[PDB]
Amino acid sequence: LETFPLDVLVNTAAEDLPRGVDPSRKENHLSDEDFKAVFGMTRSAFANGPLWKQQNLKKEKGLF
């Protein structure tokens, strides 16, 4: 998957978001390094928790 810097991904102007980002799964488009820095858990731990908690966390991070 295409990865992008955090500032690009937390840009909430939809028209600006690069085509290569799933707007509903922005966390998938952080590098592994940035995923750890932003969330502090494995991708699996995040993805396998309930969607509401995923969304709540992403709102805090600017990634919802």
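Positions are given from 1 along the sequence. Any value given below was found using the heavy atoms of this structure, including those in side chains, with hydrogens, waters and symmetry copies removed.
- For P23, the side chain to side chain contact (heavy atoms under 4.5 Å, CB included) partners are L17, not counting sequence neighbours.
- The aromatic rings of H29 and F4 lie tilted to each other, with the angle between the two planes from 30° to 60°.
- Considering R43, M41, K36 in turn, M41 is the only one that fulfils the side chain to side chain contact (heavy atoms under 4.5 Å, CB included) rule with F39.
- Residue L1 forms a side chain to side chain contact (heavy atoms under 4.5 Å, CB included) with just one option from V21, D22, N28, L30, and that option is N28.
- Checked against salt bridge (charged side-chain N to carboxylate O under 4.0 Å, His left out), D16 has no partners two or more places apart in sequence or in another chain.
- Expressed to the nearest 0.5 Å, how far OG1 of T12 lies from CG of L63 amounts to 11.0 Å.
- Between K61 and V10, the shortest heavy-atom contact is O-CG2, 3.6 Å.
- The two atoms that bring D34 and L6 nearest to each other are OD2-N, 4.5 Å, heavy atoms only.
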Quick one: do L57 and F46 satisfy side-chain contact (heavy atoms from CB on, under 4.5 Å)? Show the steps, please. CA-CA 9 Å; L57 282 164; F46 180 85; 3.9 Å; yes
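- Qualifying side-chain hydrogen bond (donor to acceptor under 3.5 Å, both in side chains) partners for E27, counting only residues two or more places apart in sequence or in other chains: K58.
- For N11 against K26, the heavy-atom pair with the smallest separation is O-NZ, 3.5 Å.
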